[PDB]
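S.K.: need coordinates for the following:
(7 chains, ligands or ions: 7)
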Amino acid sequence: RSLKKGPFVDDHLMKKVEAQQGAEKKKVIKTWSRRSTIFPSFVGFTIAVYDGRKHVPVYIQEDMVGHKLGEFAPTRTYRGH
Amino acid sequence: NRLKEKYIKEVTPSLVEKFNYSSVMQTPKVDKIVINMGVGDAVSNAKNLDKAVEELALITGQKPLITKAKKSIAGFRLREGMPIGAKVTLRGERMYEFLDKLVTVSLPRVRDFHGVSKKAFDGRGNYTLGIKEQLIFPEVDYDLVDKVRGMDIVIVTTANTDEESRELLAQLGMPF
Amino acid sequence: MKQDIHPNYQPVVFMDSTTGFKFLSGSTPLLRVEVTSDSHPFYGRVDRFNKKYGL
Amino acid sequence: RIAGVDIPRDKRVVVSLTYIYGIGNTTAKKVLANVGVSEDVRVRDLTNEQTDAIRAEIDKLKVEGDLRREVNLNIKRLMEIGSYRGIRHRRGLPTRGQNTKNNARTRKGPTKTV
RNA sequence: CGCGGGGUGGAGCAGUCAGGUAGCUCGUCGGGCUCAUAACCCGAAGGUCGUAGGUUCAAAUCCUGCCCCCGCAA
RNA sequence: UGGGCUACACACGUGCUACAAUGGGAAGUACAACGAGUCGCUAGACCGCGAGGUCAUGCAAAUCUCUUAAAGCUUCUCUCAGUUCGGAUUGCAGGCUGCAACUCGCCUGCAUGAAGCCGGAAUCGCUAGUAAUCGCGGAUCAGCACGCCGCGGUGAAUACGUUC
RNA sequence: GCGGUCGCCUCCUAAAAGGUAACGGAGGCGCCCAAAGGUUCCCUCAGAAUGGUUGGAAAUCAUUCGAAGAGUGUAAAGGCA
Ligand SMILES: [K+]
Ligand SMILES: [Mg+2]
Ligand SMILES: [Mg+2]
Ligand SMILES: [Mg+2]
Ligand SMILES: [Mg+2]
Ligand SMILES: [Mg+2]
Ligand SMILES: [Mg+2]
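M.R.: Residues are numbered from 1 along each chain as shown, chains lettered A, B, ... in the order given. Ligands and ions are numbered 1, 2, ... in the order given. See the structure here:
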């Protein structure tokens, strides 16, 4: 949110991640929420985001916190002409 | 000459107490420091080579020797006898002054100088440095630095070995 | 040292006013120097997200 | 001259400082106001003390080299993590959600009629 | 294996003798005119001249080879 | 539910901005009309560089607001320059809307500062308050149009004549 | 008869002196240099390894290895550190 208020994130995603407290990477989580932000809690998980046709995985690191999830799951398989 | 006085007074006891020499004439001693600047583009126009000669002069107070090819290489349109860059050989008080200028001015003045390689040896006690980027002290005359080319800076010693050379340069000031 | 070919190589002083260090050596008398061995040290997005939105 | 650029001499101070990679009219006016000089003089009529104060505040401010390093490291970060916004750069495309069909020549470069 | 004549944008050709830095016509592509197509008009693209080297300030051209094509022979 | 209609080697049409000094920028100041408005228009005050935010008044309206319109006029400065033109693109910070602004919103500030120096063949509109230029409002609309519809400001040249 | 050859230089053939033929095998010459001569003085190469900036497989720098594996205007032979 570009308003200086709650950095947006979905309740179920927050809930499942916070339940995953031991931070095991095998605890891979899925979501259709391309619109949520990224937090330090996410840093180190392999989440799978629905890109319109598939759950594409992505491993989070420090360089994603201010970004959205949909930025790492593109929707257009362009390959030149 | 501060560096030479250091070499005589502080280095040599601090060196021999470790390396266990039965005579002071086993001491590692810096015999010379060579500068080189290869250009190649001089084959296009050697005015840049004249410029490199100018900068070596401004740096050292010592006219360089223009090197030349002993071969012709069609891959670079290179002909034997044509001037590939220049070199200088410092020995003595001038050499010590140059090294002290390096350590005390122009190694910090690189943008990200956190140190230098320790493995850059020949396996026989002689060091080889390389400036990738010119303009490392104020009298490089930034107003006319057309291009940054770089330098090879060889530091020759009487050191038998990597270890002798490394410890010597440590006591002399080189921040490994 | 030959004549008429070498630049004038005169004893000059290098001064770090950051630490006041004073060194003598020959070059082409006092000169201005910013940093040196006696003044150089070697001789984030999570934090930023937290600063922007307190957590 | 100031930060590695021989700025003009017939120009006035603000508009001549605009030729620094990091200073526009607003920051130039802010700097000359913080230093306390006239904004309508020409730089070939300055006292070197004014020049030195200008240099001091400019060095306090983030300029040519640091600015290039900062913006380019940002670009390289977003390119290397693999974000959409960096794939745009890596591919040579616009980045702010524009239409890449009938326009975008400022990233495509020259046209290639095919 | 040899003797002649060829290898220049997609096609055909000059320029090779006389080194001076790649062109003629058609064709292709794009845009115009047209109800539309052709013609016409305005633009572009397409080759260091078969190839690896020498000579030269400079080689399609001169020299040396090497690889393909058409005749004979074979 | 998420994605796509927003792709991108390219081609075309209709527009907007321009390529400047009949002009750019800072200041001051003057003259409209149409029309819209209740959980909507919002005065005034304060904060903020700004977009905007807090408080709070009037108005279901020729009573209040949107609304001191901009071009214009008087000064100052710029003095020919890819420029103080041009503003694209890009990085950074923010603001609004709205569950949500990455795909994929609008606006602002800072910084960069591209192409472009009036445009080939050809082709389009227009005869008067017209063209040209200047802004203002409204419909859709939670939020968003260089478009659409309407409004008014300033305000030309030319028409010999039907060979084609 | 055509092709090729006709003059000169080098090797092999050529049989450890020299010489020695063939339409036997391979190559060159019809010049260059005013320093590529003379003398005096000085020096020693090629490549490999290692390291170093653009600089790569490879330019140039430095050390070591390095008996010639280079160069000797131009063919081959002989010879020359
Ligand atoms: K609206
Ligand atoms: Mg858009
Ligand atoms: Mg056509
Ligand atoms: Mg559509
Ligand atoms: Mg402007
Ligand atoms: Mg009419
Ligand atoms: Mg015999």
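S.K.: now do the buried residues in stretch B:117-128.
M.R.: Residues B:121, B:125, B:126, B:127 are the ones in stretch B:117-128 that count as buried (16 or more other C-beta atoms under 10 Å in any protein chain shown). C-beta coordinates here come from the backbone N, C-alpha and C atoms, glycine included.
S.K.: go on, stretch B:65-73?
M.R.: Using 16+ other C-beta under 10 Å as the test for burial, stretch B:65-73 gives B:66, B:67.
S.K.: any part of that stretch near RNA strand G?
M.R.: Yes: for stretch B:65-73, a contact with RNA strand G is found by C-beta under 7 Å from any atom of the strand, at B:67, B:68, B:69, B:70, B:71, B:73.
S.K.: make a markdown table out of those residues and add distance to residue D:73.
M.R.: Below are those laid out as a markdown table (distance: C-beta to C-beta, whole Å):
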| residue | distance to residue D:73 |
| --- | --- |
| B:67 | 39 |
| B:68 | 43 |
| B:69 | 41 |
| B:70 | 44 |
| B:71 | 43 |
| B:73 | 39 |
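S.K.: which of the residues you listed fall in strands?
M.R.: B:67, B:68 (DSSP state E).
S.K.: distance check, residue B:82 against residue B:44.
M.R.: As judged by C-beta to C-beta, to the nearest Å, residue B:82 and residue B:44 stand 11 Å apart.
S.K.: who's more crowded, those two?
M.R.: Ranked by neighbour count (other C-beta atoms under 10 Å in any protein chain shown), residue B:82 and residue B:44 place residue B:82 first, with 15 against 11.
S.K.: now that one, nearest residue through space, not along the chain?
M.R.: What sits nearest to residue B:82 in space, not counting adjacent residues and going by C-beta to C-beta, 6 or more residues apart in numbering or on different chains, is residue B:69, at 5.7 Å.
S.K.: residue contacts, the one you found?
M.R.: B:78, B:79, B:80, B:81, B:82, B:84 (C-beta atoms under 8 Å, 6 or more residues apart in numbering or on different chains).
S.K.: equivalent analysis for residue A:51, please.
M.R.: A:34, A:73, A:74, A:75.
S.K.: hang on, residue C:23 in a strand?
M.R.: Yes: using DSSP: H, G, I helix; E, B strand; the rest coil, the assignment for residue C:23 is a strand.
S.K.: hey, what's it bridged with?
M.R.: Bridge pairing for residue C:23 (DSSP bridges) gives the partners residue C:14.
S.K.: roughly how far does it sit from residue B:38?
M.R.: In this view, residue C:23 and residue B:38 are 31 Å apart by C-beta to C-beta.
S.K.: do the same with residue B:163
M.R.: Note on residue B:163: its distance to residue B:38, by C-beta to C-beta, is 30 Å.
S.K.: same question for residue B:151.
M.R.: From residue B:151 across to residue B:38, the span is 9 Å (C-beta to C-beta).
S.K.: higher neighbour count, these two?
M.R.: The residue with more neighbours, out of residue B:151 and residue B:38, is residue B:151; 22 against 17, by other C-beta under 10 Å.
S.K.: what's the closest non-adjacent residue to that one?
M.R.: Per C-beta to C-beta, 6+ apart, closest to residue B:151 is residue B:131, 4.2 Å.
S.K.: how many residues are close by that neighbour?
M.R.: By other C-beta under 10 Å, the residues close to residue B:131 number 19.
S.K.: now do residue D:37
M.R.: For residue D:37, using other C-beta under 10 Å, the count is 17.
S.K.: can you classify residue C:42 as helix, strand or coil?
M.R.: With three-state DSSP as the basis, residue C:42 sits in coil.
S.K.: is the closest residue to it other than its chain neighbours in a helix, a strand, or coil?
M.R.: Leaving aside its chain neighbours, residue C:42 sits nearest to residue B:114 (5.1 Å; criterion: C-beta to C-beta, 6+ apart). At residue B:114 the chain is in coil, as set by three-state DSSP.
S.K.: verify the contact between residue B:114 and residue B:176 for me.
M.R.: No: look at residue B:114 against residue B:176 with C-beta atoms under 8 Å: they stay out of range, at 11.0 Å.
S.K.: and chain C, which residues reach chain B?
M.R.: Contact residues, chain C versus chain B (C-beta under 8 Å from any C-beta of the partner chain): C:5-9, C:14, C:23-28, C:31-37, C:39-40, C:42-43.
S.K.: can you select the buried ones from those residues in PyMOL?
M.R.: Here is the PyMOL command that selects the buried residues among the residues of chain C next to chain B (16+ other C-beta under 10 Å):
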select buried, chain C and resi 9+14+23+25+26+27+33+36+37+39+40
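S.K.: for RNA strand E, what's its nearest residue on chain B.
M.R.: Of all residues in chain B, residue B:74 sits closest to RNA strand E, at 4.2 Å by C-beta to the nearest atom of the strand.
S.K.: any idea how far residue A:53 is from chain B?
M.R.: 45 Å (C-beta to the nearest C-beta, to the nearest Å).
S.K.: ok, that residue to residue A:46 distance?
M.R.: 19 Å.
S.K.: just residue C:10 next, same as before
M.R.: The gap separating residue C:10 from residue A:46 is 66 Å, by C-beta to C-beta.
S.K.: how many neighbouring residues does the one residue in chain A that gets nearest to chain B have?
M.R.: Going by C-beta to the nearest C-beta, chain B is nearest to residue A:63 of chain A, at 20.7 Å. With neighbours defined by other C-beta under 10 Å, the count for residue A:63 comes to 18.
S.K.: what distance do you get for the residue nearest the centre of chain A to residue A:27?
M.R.: Geometric centre of chain A, nearest residue: residue A:69, 3.9 Å, by C-alpha atoms, centre = their mean. According to C-beta to C-beta, residue A:69 and residue A:27 sit 17 Å apart.
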